[PDB]
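File shown: coords_15.cif. Contents: mmCIF, C-alpha atoms.
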data_coords
#
loop_
_atom_site.group_PDB
_atom_site.id
_atom_site.type_symbol
_atom_site.label_atom_id
_atom_site.label_comp_id
_atom_site.auth_asym_id
_atom_site.auth_seq_id
_atom_site.Cartn_x
_atom_site.Cartn_y
_atom_site.Cartn_z
ATOM 1 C CA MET A 1 23.839 62.286 118.973
ATOM 2 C CA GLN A 2 20.614 63.571 117.394
ATOM 3 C CA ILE A 3 17.996 66.236 118.123
ATOM 4 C CA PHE A 4 14.276 66.830 117.588
ATOM 5 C CA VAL A 5 12.787 69.816 115.762
ATOM 6 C CA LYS A 6 8.995 69.869 115.986
ATOM 7 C CA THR A 7 7.243 71.997 113.367
ATOM 8 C CA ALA A 8 4.326 74.273 114.228
ATOM 9 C CA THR A 9 2.194 71.761 112.315
ATOM 10 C CA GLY A 10 2.938 69.353 115.173
ATOM 11 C CA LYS A 11 5.107 67.014 113.077
ATOM 12 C CA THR A 12 8.260 65.708 114.773
ATOM 13 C CA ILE A 13 11.504 65.730 112.762
ATOM 14 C CA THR A 14 14.564 63.823 113.998
ATOM 15 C CA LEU A 15 17.607 65.861 112.949
ATOM 16 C CA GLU A 16 21.373 65.286 112.996
ATOM 17 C CA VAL A 17 23.836 68.202 112.926
ATOM 18 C CA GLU A 18 27.424 68.890 113.991
ATOM 19 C CA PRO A 19 27.973 70.549 117.381
ATOM 20 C CA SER A 20 29.745 73.512 115.753
ATOM 21 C CA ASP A 21 28.133 73.807 112.313
ATOM 22 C CA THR A 22 26.062 76.626 113.851
ATOM 23 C CA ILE A 23 22.273 76.874 114.216
ATOM 24 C CA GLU A 24 22.313 77.589 110.472
ATOM 25 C CA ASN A 25 22.939 73.876 109.902
ATOM 26 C CA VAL A 26 19.785 72.950 111.823
ATOM 27 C CA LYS A 27 17.802 74.976 109.290
ATOM 28 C CA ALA A 28 19.774 73.602 106.333
ATOM 29 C CA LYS A 29 19.204 69.933 107.192
ATOM 30 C CA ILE A 30 15.459 70.609 107.329
ATOM 31 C CA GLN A 31 15.518 72.620 104.101
ATOM 32 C CA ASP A 32 16.035 69.355 102.213
ATOM 33 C CA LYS A 33 13.598 67.450 104.434
ATOM 34 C CA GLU A 34 10.536 69.704 104.653
ATOM 35 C CA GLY A 35 11.644 71.612 101.545
ATOM 36 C CA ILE A 36 10.972 74.923 103.343
ATOM 37 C CA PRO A 37 13.774 77.404 102.545
ATOM 38 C CA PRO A 38 15.462 79.518 105.244
ATOM 39 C CA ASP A 39 13.871 82.682 106.693
ATOM 40 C CA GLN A 40 10.427 81.107 106.277
ATOM 41 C CA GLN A 41 11.380 79.096 109.367
ATOM 42 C CA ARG A 42 12.526 80.124 112.862
ATOM 43 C CA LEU A 43 13.988 78.131 115.763
ATOM 44 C CA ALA A 44 13.556 78.349 119.541
ATOM 45 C CA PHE A 45 14.199 76.315 122.700
ATOM 46 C CA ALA A 46 11.579 76.221 125.474
ATOM 47 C CA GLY A 47 10.883 79.822 124.407
ATOM 48 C CA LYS A 48 14.546 80.871 124.388
ATOM 49 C CA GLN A 49 15.349 82.668 121.136
ATOM 50 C CA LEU A 50 17.987 80.720 119.232
ATOM 51 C CA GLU A 51 20.362 82.567 116.911
ATOM 52 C CA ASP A 52 23.001 81.586 114.344
ATOM 53 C CA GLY A 53 26.657 82.632 114.504
ATOM 54 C CA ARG A 54 27.367 80.595 117.644
ATOM 55 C CA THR A 55 28.095 76.949 118.485
ATOM 56 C CA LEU A 56 24.632 75.400 118.720
ATOM 57 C CA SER A 57 25.806 72.717 121.168
ATOM 58 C CA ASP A 58 27.032 75.448 123.518
ATOM 59 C CA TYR A 59 23.850 77.475 123.035
ATOM 60 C CA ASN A 60 20.872 75.302 124.027
ATOM 61 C CA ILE A 61 20.922 72.155 121.872
ATOM 62 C CA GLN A 62 21.203 68.988 123.969
ATOM 63 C CA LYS A 63 21.403 65.230 123.369
ATOM 64 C CA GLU A 64 18.105 63.990 121.902
ATOM 65 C CA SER A 65 16.325 67.050 123.308
ATOM 66 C CA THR A 66 13.339 68.901 121.837
ATOM 67 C CA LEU A 67 13.403 72.268 120.064
ATOM 68 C CA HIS A 68 10.541 74.427 118.788
ATOM 69 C CA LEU A 69 10.112 75.528 115.167
ATOM 70 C CA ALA A 70 7.910 78.216 113.602
ATOM 71 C CA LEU A 71 6.801 78.428 109.962
ATOM 72 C CA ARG A 72 5.246 81.059 107.686
ATOM 73 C CA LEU A 73 1.508 81.665 107.325
ATOM 74 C CA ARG A 74 -0.546 79.848 104.687
ATOM 75 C CA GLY A 75 -1.316 83.179 103.004
ATOM 76 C CA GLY A 76 -5.070 82.521 102.909
#

What do you get writing this file as structure tokens?
Amino acid sequence: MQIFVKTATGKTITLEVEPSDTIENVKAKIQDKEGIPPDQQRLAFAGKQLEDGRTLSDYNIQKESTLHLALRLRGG
């Protein structure tokens, strides 16, 4: 039903996407939440590189399972 994307800051974010809206949707639903635009973020699953252009539910996403997110540097 839902999923969990945990930022590199250690903050947990409960997310809700469609099974076939592509990984791109996982980044878009967080763009409004954390405000961080695309590209500045990156997704993974237990270390497995996730990629857009494929059905996320067929890729690695599972029911209420945990994913791993990476963000940009602070810059200073």

Checklist entry - So which one's closest to residue 60 of chain A, A:75, A:9, A:3, A:30? Using all atoms listed in the file, please. => result A:3

Checklist entry - Using all atoms listed in the file, which residues sit within 10 Å of residue 18 of chain A once same-chain residues fewer than 5 positions away are excluded, as an MDAnalysis selection string? => result chainID A and resid 1:2 23 25:26 55:57

Checklist outcome for this item: One residue among A:38, A:47, A:73, A:61 is nearest to residue 16 of chain A when using only C-alpha atoms, and that residue is A:61

Checklist entry - Which residue gives the smallest distance to residue 42 of chain A among A:11, A:6, A:54, A:74, with all atoms listed in the file counted? => result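 Using all atoms listed in the file, residue 42 of chain A sits closest to A:6.
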
Checklist entry - What lies within 6 Å of segment 44-46 of chain A using all atoms listed in the file, ignoring chain neighbours under 4 positions off, as a ChimeraX atom specification? => result /A:50,67-68

Item to check | Pick from A:58, A:14, A:69, A:8, whichever lies nearest to residue 33 of chain A using only C-alpha atoms | outcome: A:14

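Closest to residue 64 of chain A among A:17, A:51, A:37, A:76 is A:17, based on all atoms listed in the file.
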
Checklist entry - Which is closer to residue 19 of chain A than all the others in A:63, A:72, A:49, A:39, using all atoms listed in the file? => result A:63
